[PDB]
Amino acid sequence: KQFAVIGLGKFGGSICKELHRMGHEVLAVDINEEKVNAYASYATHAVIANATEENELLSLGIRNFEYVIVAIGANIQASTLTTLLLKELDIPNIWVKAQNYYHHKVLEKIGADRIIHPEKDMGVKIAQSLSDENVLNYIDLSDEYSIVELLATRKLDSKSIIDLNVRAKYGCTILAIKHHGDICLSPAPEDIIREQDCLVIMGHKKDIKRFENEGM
């Protein structure tokens, strides 16, 4: 699979650097010479180009790539024009970073395959950790059920899983325990939990919160 990342900023650069680490063919494209030089090490190839210019875009051989990521930030107009050009060149997947609701809409209309709101999405998750000091990370299975990574409190120190009757008191199941960085999966009822451990609980959203209120 070949990847082209247009706009080597905070978002696009991270994508480029991460994709490269996984051992993928990644083309980094940026209008700023300094940006291109920086990511020369972190890309298969890095090229200075203006994505709004079709001739420059064609010069890259951009038609070859199955995934092209438009991560241009502050010039929303440049972002729009680029997406329009890429769609004209029949790029299979065009993923674009959006700046606002209106920008999301025009991208949606002009045929962006995937639209991303990095700041907006993270804002939600960080807010979850703000409201609940206990939650470290989570993943939602549905509207009602979820898997949550919790930070163990002192109330859970030296408690066993069978001691913490979570399937019966709360209808939830404990999936993992992380102790001093070492992790345990599908932990047995005899396993003990100590403070500052990572605890992975799975169940109904309301049920988990009750475990947090009463249990920890």
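Note that residue numbering follows the sequence shown and begins at 1.
Exercise. Averaging C-alpha B-factors over each stretch, which comes out higher, 207 to 215 or 3 to 11?
Worked result: It is 207 to 215.
For this session: Check the entry's C-alpha temperature factors for 161 to 169 and 63 to 71, then say which stretch has the higher mean.
Result: Averaged over C-alpha atoms, the B-factors run higher in 161 to 169.
For this session: From the list 26, 29, 184, 174, select the residue with the highest C-alpha B factor recorded in the entry.
Result: Highest C-alpha B-factor among the listed residues goes to 184.
For this session: Place residue 199 in the lowest, middle or highest third of its chain's C-alpha B-factors, as listed in the PDB entry.
Result: For residue 199, whose C-alpha B-factor we compare with every modelled residue in the chain, the answer is the lowest third.
Exercise. Split the chain's modelled residues into thirds by Cα B-factor; is residue 133 in the lowest, middle or highest one?
Worked result: Within its chain, residue 133 is a highest-third residue by C-alpha B-factor, going by the deposited values.
Exercise. Among the modelled residues of its chain, does the C-alpha B-factor of residue 153 lie in the lowest, middle or highest third?
Worked result: For residue 153, whose C-alpha B-factor we compare with every modelled residue in the chain, the answer is the highest third.
Problem set entry | B-factor third for the C-alpha atom of residue 90 within its chain | For residue 90, the deposited C-alpha B-factor lands in the middle third.
Problem set entry | residue 113 by Cα B-factor - lowest, middle or highest third of the modelled chain | CA B-factor rank for residue 113: lowest third.
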